[PDB]
Amino acid sequence: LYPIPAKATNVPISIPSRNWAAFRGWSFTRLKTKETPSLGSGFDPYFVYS
Amino acid sequence: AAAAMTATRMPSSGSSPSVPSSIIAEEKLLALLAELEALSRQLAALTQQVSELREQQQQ
């Protein structure tokens, strides 16, 4: 999950040098931040949406 | 340049447990679903015998 700042039109991302044996491809989509609860969390006090 | 130079010169961490009390548990649970039926059974039996006044007064 990579953050796209409000009103930003470009989102550059990278992964440093790696082995790609058995890689299958990429799937991607866009999400709202308020509509996405943090996973590394027992509870997320900023997830102010249901 | 000199005198003092001899020595040297965030957002959200998201805790959860805060300042409340301790908690405990036990496993002797749940008769209570029966009374919800006791109550609504005996409620009918009230009306049933109100009817038994009326059905004898009407004779």
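Counting starts from 1 on each chain and follows the sequence as written, independent of the entry's numbering; residues without coordinates are not shown. Here chains are named by letter from A upward and ligands by number from 1 upward, in the order in which they appear as written. Reported quantities concern only the chains on display, which constitute a fraction of a larger assembly. Side-chain figures throughout are based on the complete set of non-hydrogen atoms in the structure, without hydrogens or water.

Looking at the method and resolution fields of the entry, one finds cryo-EM and 3.3 Å.

Glancing now at the packing of aromatic side chains. Residue and element names in this part refer to chain A. Working definition: rings of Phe, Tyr and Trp (its six-membered ring) pair if their centres are within 6.5 Å, and the pair is stacked with planes under 30 degrees apart, edge-to-face with planes over 60 apart, and tilted otherwise. Applying the stated rule across the entire model yields three aromatic pairs over all chains. Relative to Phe23, the ring of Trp20 has its centre 5.1 Å away and its plane inclined at 65 degrees; by these criteria the two rings are edge-to-face. Its relative accessible area of 44% is what places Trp20 among the partly exposed residues. For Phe23, a relative accessible area of 40% translates into the label partly exposed. On the basis of an interplanar angle of 80 degrees and a centroid distance of 6.1 Å, the ring pair of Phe47 and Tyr49 is categorised as edge-to-face. The class of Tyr49 is partly exposed, set by a relative accessible area of 35%. Joined through ring pairs, the aromatic side chains of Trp20, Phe23 and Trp26 make up one cluster. Under the scheme applied here, a residue whose accessible area is under 20% of the maximum for its type counts as buried, over 50% as exposed, and between as partly exposed, the area being computed with a 1.4 Å probe on protein chains only.

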